[PDB]
Amino acid sequence: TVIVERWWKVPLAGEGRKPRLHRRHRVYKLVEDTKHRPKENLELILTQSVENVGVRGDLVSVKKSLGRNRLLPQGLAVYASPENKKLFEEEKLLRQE
Amino acid sequence: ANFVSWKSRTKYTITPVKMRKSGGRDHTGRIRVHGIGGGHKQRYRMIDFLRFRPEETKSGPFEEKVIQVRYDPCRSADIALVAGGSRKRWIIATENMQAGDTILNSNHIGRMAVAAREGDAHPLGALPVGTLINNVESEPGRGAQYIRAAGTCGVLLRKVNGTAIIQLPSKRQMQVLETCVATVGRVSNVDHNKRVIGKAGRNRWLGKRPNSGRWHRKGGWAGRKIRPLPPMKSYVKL
Amino acid sequence: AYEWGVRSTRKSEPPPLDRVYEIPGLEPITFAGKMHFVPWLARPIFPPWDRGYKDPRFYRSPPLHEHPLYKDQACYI
Amino acid sequence: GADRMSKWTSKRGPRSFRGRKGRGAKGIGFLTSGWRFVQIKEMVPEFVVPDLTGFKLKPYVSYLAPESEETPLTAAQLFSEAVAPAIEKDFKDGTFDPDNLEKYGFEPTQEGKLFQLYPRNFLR
Amino acid sequence: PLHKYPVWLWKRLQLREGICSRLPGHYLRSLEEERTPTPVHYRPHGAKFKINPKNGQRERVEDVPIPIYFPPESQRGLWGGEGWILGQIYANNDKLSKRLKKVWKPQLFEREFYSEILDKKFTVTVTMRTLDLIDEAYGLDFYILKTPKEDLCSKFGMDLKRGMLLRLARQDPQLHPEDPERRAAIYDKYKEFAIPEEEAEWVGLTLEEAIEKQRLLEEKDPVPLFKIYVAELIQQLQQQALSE
RNA sequence: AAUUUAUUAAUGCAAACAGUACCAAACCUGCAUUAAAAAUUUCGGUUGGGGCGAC
RNA sequence: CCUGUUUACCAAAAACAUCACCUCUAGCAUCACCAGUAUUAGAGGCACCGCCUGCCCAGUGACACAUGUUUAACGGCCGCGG
RNA sequence: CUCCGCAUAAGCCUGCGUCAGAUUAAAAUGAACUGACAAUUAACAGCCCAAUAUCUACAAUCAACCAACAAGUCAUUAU
RNA sequence: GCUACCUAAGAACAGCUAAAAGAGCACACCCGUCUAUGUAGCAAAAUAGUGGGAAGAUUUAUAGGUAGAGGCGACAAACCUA
RNA sequence: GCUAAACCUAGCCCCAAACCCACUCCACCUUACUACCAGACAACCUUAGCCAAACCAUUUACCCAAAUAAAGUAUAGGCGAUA
Ligand SMILES: [K+]
Ligand SMILES: [K+]
Ligand SMILES: [K+]
Ligand SMILES: [K+]
Ligand SMILES: [K+]
Ligand SMILES: [K+]
Ligand SMILES: [Mg+2]
Ligand SMILES: [Mg+2]
Ligand SMILES: [Mg+2]
Ligand SMILES: [Mg+2]
Ligand SMILES: [Mg+2]
Ligand SMILES: [Mg+2]
Ligand SMILES: [Mg+2]
Ligand SMILES: [Mg+2]
Ligand SMILES: [Mg+2]
Ligand SMILES: [Mg+2]
Ligand SMILES: [Mg+2]
Ligand SMILES: [Mg+2]
Ligand SMILES: [Mg+2]
Ligand SMILES: [Mg+2]
Ligand SMILES: [Mg+2]
Ligand SMILES: [Mg+2]
Ligand SMILES: [Mg+2]
Ligand SMILES: [Mg+2]
Ligand SMILES: [Mg+2]
Ligand SMILES: [Mg+2]
Ligand SMILES: [Mg+2]
Ligand SMILES: [Mg+2]
Ligand SMILES: [Mg+2]
Ligand SMILES: [Mg+2]
């Protein structure tokens, strides 16, 4: 995602008015392209056993490319949402008892 | 522009087809190639470059009889009318081809080589080394895209792991499979390169327009350049 | 091998259908009720239309195999 | 040097132009192979002319006549004159229902008729 | 002369008369709304005031969005509010150097998603941002159902919404006809986005698609006057009998 | 001549993608580099006319 | 060289083209080149034929890239004293 | 005198036919200008064709000898 | 709709010599060498005579195509509605 | 004494107010104003430059939703012109 910034200042418009743009306000400068930043992991819950982790209902911070391409379509892993954790929390609770 | 190509016929026939000239212009209507315009009108005769094309109801090696070797205004070589079974088609004639000869078109690769006769079509793995060839193809069933011009001829250098090493008329080597069909011998009109145009008007009959009168200064591209023969071109995937 | 007939002379592929025809339970809004084309509405799908009556000047013979006098054994005339 | 403010007609243009343009006359057939024209008897308008024998009316009317006022005919005026009397009679008789509206004169559809009202398929 | 109304108000004057005036209310409200989209190609200030370093005074600050051009091929996919940036730049980031035209385009991918409410897979073109937004909503159905119109920025994404909302209101049993329990469980997860069918059938439609719809709801052959006069007659005769 | 590479092409990195410690075809996008082909703008003064010389 | 072409409206020529000769580039198909395939096509120079086309790769350029190669590529091809 | 002439195509569109005239040509009989009236009549020409599949190697030149290249403008059948 | 080049399908070229011809003489036709005239003209490029070519790289009617940061060009910085 | 001279209407301009918006029949996107036959082409994309800067190369006001005032102030700017 390309994130840019204007060279020139834009005069304040006011409360309830739109700013007045000029030909000089089209000049931008690249601030950051998010496609060149460190990747982040994807928190998921495993519905079935996997080579990386064979425990069901286990949390795994796998790469985004692994979960989206293979795990999520196949259904092996579900999104680690507040509601899904509860469903798998019960199963873990039963084993403790 | 409202330009439509004349290459619209979808069925093969030996009947001369009427084609329209381009004048060096593309579909936009602007000139894309200079020096093209006019010339005597010409009718196109479809050429079947797939020698081994068994008929719909037939399979395996077949033989055809040569009917007529005639002049073709769309190419430098001469074409031959051959008839096998119930059909007729045009092909590229060889140096020595007459009306009455019987040509062979086979795809059989025997353990041993075969005595090569001019005009016959065999695979590359069924011919001895050093045999002149023409109308070779990159892969099987692709159709002959090389060594089509008058007098041109290749040669078979060696066979390795179901692959044949071909030498092109440009003294460059090309590698293909041994199941690719080629025709034995040279192409007709061996003395085509020895023709004399004689007068400027004869080039206007061939659809060639005079060069520009503007004077250009040569650059570094000009001058003799002794560089090595490029590597062998291989169409075999390993 | 070399096929005869350049693609530029062949009939162009029909335009790709709109993505509203892929969503189940959703009726697309087309210009069929306007009786004329507009760019900002979906292209409708009309059913095969038949004249319903005979007209010699606009007759279409049936397929070959449907002809009564049809034989698998060919006759060379 | 062309007259762009003059009525375009079949008299203008080359041979192909002058033959393709007409004057407003309706067609009565089609062209077949060989430029042979085929006339359709059903496409030619047939004049329905009546017998004028013993007809009292004449092109003009005598001036010794009253100056009656104009009462343009309306749909409601035509309903009360022709349709209403038959309905009132059946209403008094005690046998009236919507199903029999076709018997009173109402037309549910126009299809299957020679002279349809909308879209009309006949000439004045 | 002068116009009675300003020209920028002419578009809203067309919604007061004609067939547009007969359109539903909730749909007309969703048109005049001009809610701000979510920033994508620029960072917001975060606050309303700042201290200018030069003079050290509490100055006001405003977020000015950057014009985004959405090509027509963006309405057949899910770009996540991304688009082309048509602007200028200074060579070598030097104001004294000449100014050039620069276009920033997004990186597109052809992925395949699955909807649980529709039970069908789509091969849509997306960006990396769309993939992240679907992971924050925990599915494609939530993304399509949570994200508003000005952030979806896609006609296909708004047609999916209408498709989903119609099944949450009609409770369509076509979803897994042979699995009633499974079907019921799916509608119990997206129950927070349920909207009445009457209001969920106008979602995403443009002004040109809605007018055509409303026109079809009003299209009906005129009633013959033969029936109207009969009603007046019979009704009139009955009143006459009472006086007698 | 000064300024520039938007455009085009090539190359590299990143992005995207997979497979059995090694490593992933191209297309697309972004950031750089090198060419190609072009674009914008200018071409000072004095001077027993101007130019040359000289200042 | 020749027939030919050009400044419609001040130049028809020794200028351009041209048969011939030479250099450079390209190993391939479904809109030009081409429904063609190196005896081909395209970019250019010179100008039929006849006798010839000599020396130079330092510099610039191009190619190859490790030296290096190349002038029918841009271009060049001495002086003093007796 | 004969630089032509007649016709077709193209283009133009009533633009020297009758009556009348104060208009007009160097010319107060003529008229291409004005007003009114009339006029070009199809056989020439233009305006064409049911579908699907299928067929169509062998120039022209008095087309026969003969000789060529620049390799050419003409055809069907089945249901 | 001029002109430059191109596309489609058409048309024209007596007679003589040689009969092979981008051959010669020479009409039609195309061009425009030299001279006079004309210079608000008959004409915003003409007239008369004299000339070049005239079976070919010829001339020509019709419809269509290439559009100005461009096209086309046997390069005259030509021509693209005086 | 000729040629001429002379005229006062036609309507028009700037505001205010008010939003605006057809029709007899027939014909008209093909060569528009053409009664009558197998189709599927489809819309969106930063204005630039003159000029000013006494050249020019960054830059150079252009209604954008309330008159006034804050104020030509903060601020921007080959920190120049100017905004
Ligand atoms: K002086
Ligand atoms: K000329
Ligand atoms: K001359
Ligand atoms: K060198
Ligand atoms: K006329
Ligand atoms: K200036
Ligand atoms: Mg040939
Ligand atoms: Mg050819
Ligand atoms: Mg040449
Ligand atoms: Mg030259
Ligand atoms: Mg200076
Ligand atoms: Mg001076
Ligand atoms: Mg001086
Ligand atoms: Mg000096
Ligand atoms: Mg000679
Ligand atoms: Mg001249
Ligand atoms: Mg001259
Ligand atoms: Mg010369
Ligand atoms: Mg030399
Ligand atoms: Mg000496
Ligand atoms: Mg006739
Ligand atoms: Mg002309
Ligand atoms: Mg032609
Ligand atoms: Mg002759
Ligand atoms: Mg001659
Ligand atoms: Mg001569
Ligand atoms: Mg020319
Ligand atoms: Mg010159
Ligand atoms: Mg010059
Ligand atoms: Mg200035």
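Side-chain atoms are counted along with the backbone in the values below, which use heavy atoms only and exclude waters and symmetry mates. In what follows, chains carry the letters A, B, and so on, assigned in the order in which the sequence lines appear, proteins first and then strands, with residues in each chain numbered from 1.
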### Message
Taking donor-acceptor contacts at under 3.5 Å, does the side chain of B/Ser170 reach the base of G/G27?
### Response
yes
### Query
For B/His34 and B/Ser22, take the nucleotide of RNA chain I holding the closest heavy atom to each; which residue's nucleotide lies nearer the 5' end?
B/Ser22
### Task
Give none if F/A10 has no partner; otherwise give the nucleotide forming a Watson-Crick or G-U wobble pair with it, both distances under 3.5 Å.
F/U33
Is there any protein nitrogen or oxygen under 3.5 Å from a nitrogen or oxygen in nucleotides 31-38 of chain F, and what are the pairs?
from	atom 1	to	atom 2	distance (Å)
F/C31	OP1	E/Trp104	NE1	2.9
F/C31	OP2	E/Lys102	NZ	3.2

### Length of the line joining B/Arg75:CZ and G/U39:P, which is rounded to integer Å
16 Å
### Task
Write down the distance separating the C1' atoms in H/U41 and I/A8, rounded off to the nearest Å.
40 Å
#### Entry: Who pairs with H/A50 - Watson-Crick or G-U, where each distance is under 3.5 Å
none
### Query
Is the shortest distance from a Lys or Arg side-chain nitrogen in E/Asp132 or E/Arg129 to a carboxylate oxygen in the other one below 4.0 Å?
no
### Message
Using a 3.5 Å limit on both distances, is I/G64 in a Watson-Crick or G-U wobble pair with I/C34?
### Response
no
### Query
Do A/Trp8 and the base of J/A76 stack face to face, with centres under 5.5 Å apart and an angle between planes under 30°?
no
### Message
Is it the case that H/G21 stacks on H/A22 (six-membered ring centres closer than 5.5 Å, ring planes within an angle under 30°)?
### Response
no
### Query
Taking 4.0 angstrom as the limit, do E/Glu62 and E/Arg60 come out as a salt bridge?
yes
#### Entry: Near-parallel close stack of B/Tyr71 and H/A71 base (under 5.5 Å, under 30°)
yes
### Message
Taking the basic N atoms (NZ, or NE/NH1/NH2) and the acidic carboxylate oxygens, is any pair closer than 4.0 Å for C/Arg60 and C/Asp50?
### Response
no
### Task
Indicate, yes or no, whether a donor-acceptor pair under 3.5 Å links the base of G/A35 to the side chain of C/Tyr2.
yes
### Task
Measure distances between side-chain N and O atoms of E/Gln107 and base N and O atoms of F/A15, and say whether any donor-acceptor pair falls under 3.5 Å.
yes
### Task
Kindly confirm whether the side-chain ring of D/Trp8 is stacked on the base of J/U31, judged by centres under 5.5 Å and planes under 30°.
no
#### Entry: Gap between atoms CZ and P, on B/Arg224 and G/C63 respectively (whole Å)
18 Å
### d(CG, B/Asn135; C1', G/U37) in whole Å
10 Å
### Query
Going by Watson-Crick or G-U wobble geometry, both distances under 3.5 Å, is J/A4 a partner of J/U47?
no
### Message
Under 3.5 Å for both donor-acceptor distances, Watson-Crick or wobble: does G/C24 have a partner, and if so which one?
### Response
G/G42
### Query
Does A/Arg24 make a side-chain N or O approach to OP1 or OP2 of J/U46 shorter than 4.0 Å?
no
#### Entry: is_pair(H/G21, H/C33) Watson-Crick or wobble, both dists under 3.5 angstrom
yes
### Query
Just how far, in rounded Å, is P of G/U70 from NZ of B/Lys218?
17 Å
### Query
Does the ring of E/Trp8 lie flat against the base of J/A65, closer than 5.5 Å centre to centre with planes under 30°?
yes
#### Entry: Electrostatic pair B/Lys237:B/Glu139 at N-O distance under 4.0 angstrom
no
### Message
Once hydrogens and angles are ignored, does a donor-acceptor distance under 3.5 Å link the base of J/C19 to the side chain of E/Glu17?
### Response
no
Dump every N/O contact between nucleotides 12-18 of chain J and the protein below 3.5 Å, one line per pair.
from	atom 1	to	atom 2	distance (Å)
J/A18	OP2	E/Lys4	NZ	2.9
J/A18	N6	E/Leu2	O	3.0

### Message
Let's test your reading of the model: under 3.5 Å, does the base of J/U46 pair with the side chain of E/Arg99 as donor and acceptor?
### Response
no
### Integer-rounded Å distance: J/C20 P and E/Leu9 CG
16 Å
### Query
Does the H/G35 / H/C19 combination count as a Watson-Crick or G-U wobble pair, both distances under 3.5 Å?
yes
### Who pairs with I/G10 - Watson-Crick or G-U, where each distance is under 3.5 Å
I/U60
### Summary
Result for 5'-nearest mapping on RNA chain F, choosing between E/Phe109 and E/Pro106, is E/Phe109
### Task
Please indicate yes or no: is the ring centre of E/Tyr5 less than 5.5 Å from the centre of the six-membered base ring of J/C19, with the two planes inclined by under 30 degrees?
no
### Query
Which comes earlier along RNA chain I counting from the 5' end, the contact point of B/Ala1 or that of B/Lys18, where each point is its nearest nucleotide?
B/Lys18
### Query
Once you round it to whole Å, what is the distance between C1' of F/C13 and NZ of A/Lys35?
13 Å
### Whether A/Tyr28 and E/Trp104 hold their rings parallel, tilted or perpendicular, with breakpoints at 30° and 60°
tilted
#### Entry: Base-over-base contact, I/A57 with I/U58: centres under 5.5 Å, angle under 30°
no
### Task
Send over the distance from E/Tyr69 OH to J/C45 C1', rounded to a whole Å.
4 Å
### Query
Is the base of F/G48 syn or anti, where syn means the angle lies within 90° of 0?
syn
### Summary
On RNA chain F, more 5' by nearest nucleotide between A/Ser65 and E/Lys98 is E/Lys98
#### Entry: J/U31|J/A32 base stack, centroid gap <5.5 Å, plane angle <30°
no
### Pair flag G/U69 x G/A62, Watson-Crick or wobble criteria, under 3.5 Å
yes
### Task
From the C1'-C2'-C3'-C4' angle alone, say whether J/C8 leans north (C3'-endo side) or south (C2'-endo side).
south
### Query
Whom does H/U76 pair with, Watson-Crick or G-U wobble, provided both distances fall under 3.5 Å?
none
Are any protein N/O atoms closer than 3.5 Å to N/O atoms in nucleotides 52-56 of chain I? If there are, list each pair with its distance.
none

#### Entry: Identified pairing partner of J/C50, criterion: Watson-Crick or G-U wobble below 3.5 Å
none
### Message
Just the rounded figure in Å: distance from P of J/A71 to CG of A/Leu12.
### Response
16 Å
